């Protein structure tokens, strides 16, 4: 009896601490076969995945964490977040960041703690599987919708196996080093990553709540005309 679609949606959260329980290769393959059944414009299936486990996962994570801790600034190819920050987006970002820091006992402005927490991103938060997503250079903006559809399918499918995830744009910061480490072909662009693994159930960062906007704040229902 697998979990139901609604249970998958509601139980999915961003998990940032994992146990050392390994994920079988067969489970990873089945998750990705399910995700490949995401829709995409004219069935182009633009998603490309790199799966890191074992020694190479540890090497990549440790090398990228050291770039952060060494003070090497990120350099992204694309703009992910707003260039002009304003409300209500300001407050949404501020709340989840403050709630994460509170769970970890980090005071705002403690730069040493903030940096060490940031660096954990690049270890995929200690997950036993690290996923990186790339797309071909000829792809346009539609393919980013497609990629989000594919990634959410991974995240929901994972719940079917009792697995957890964290989507991670952090990796975009070090696309040049990732390209070097993994010999990523020049015609592919690294878009983002995702941690996959079994949650550390009692880690405090896995036990806070996130809000969402009430639907009438972002949905306009229309029926009448004129």
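Positions refer to the first chain, counted from 1.
Averaged over CA atoms, B-factors in the entry run higher in 83-91 than in the other of 83-91 and 69-77. As recorded in the PDB entry, 181-189 is the stretch of 181-189 and 27-35 with the greater mean C-alpha temperature factor. Remark: of 14, 202, 11, 21, 202 shows the highest value [criterion: C-alpha B-factor in the PDB entry]. Which of 104, 139, 156, 114 has the largest Cα B-factor in the deposited entry comes down to 139.
Residue 40 sits in the lowest third of its chain by CA B factor, as recorded in the PDB entry.
When all modelled residues of the chain are sorted by CA temperature factor, residue 48 is found within the highest third.
In the PDB entry, residue 148 places in the lowest third of its chain by CA B-factor.
Ranked by C-alpha B-factor against the other modelled residues of its chain, residue 197 falls in the lowest third. Ranked within its chain, residue 219 lands in the lowest third, by CA B factor from the PDB record.
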